[PDB]
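Numbering follows PDB author numbering, with no gaps: position 15 of the sequence shown is 15.
Backbone N, C-alpha and C fix where the C-beta goes; we use that ideal spot for every residue, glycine too.
In what follows, a single structure is set out as structure tokens and then discussed.
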Amino acid sequence: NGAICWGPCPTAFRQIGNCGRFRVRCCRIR
């Protein structure tokens, strides 16, 4: 138990570990 799901290719982990709603352009200027 933890961050490691013990999977060859954990899909649920990637669905959780997603911060694409962040604005790179905005944070680059501001």
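Going by DSSP, what residue range makes up the alpha helix (DSSP H) through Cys-9? That residue, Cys-9, is in no alpha helix (DSSP H); it is neither H nor E in DSSP.
Ends of the alpha helix (DSSP H) at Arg-28? Looking at the DSSP string, the run of the alpha helix (DSSP H) that includes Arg-28 is 24-29.
Distance, Cα to Cα, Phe-13 vs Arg-23? The straight-line gap from Cα to Cα measures roughly 22 Å.
Within the same chain, show all residues whose beta-carbon is closer than 6 Å to that of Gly-20, passing over the 5 residues directly before and after it, in chain order. Sequence-distant partners of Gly-20 (beyond 5 residues in either direction) whose C-beta falls short of 6 Å from its own C-beta are missing from its chain.
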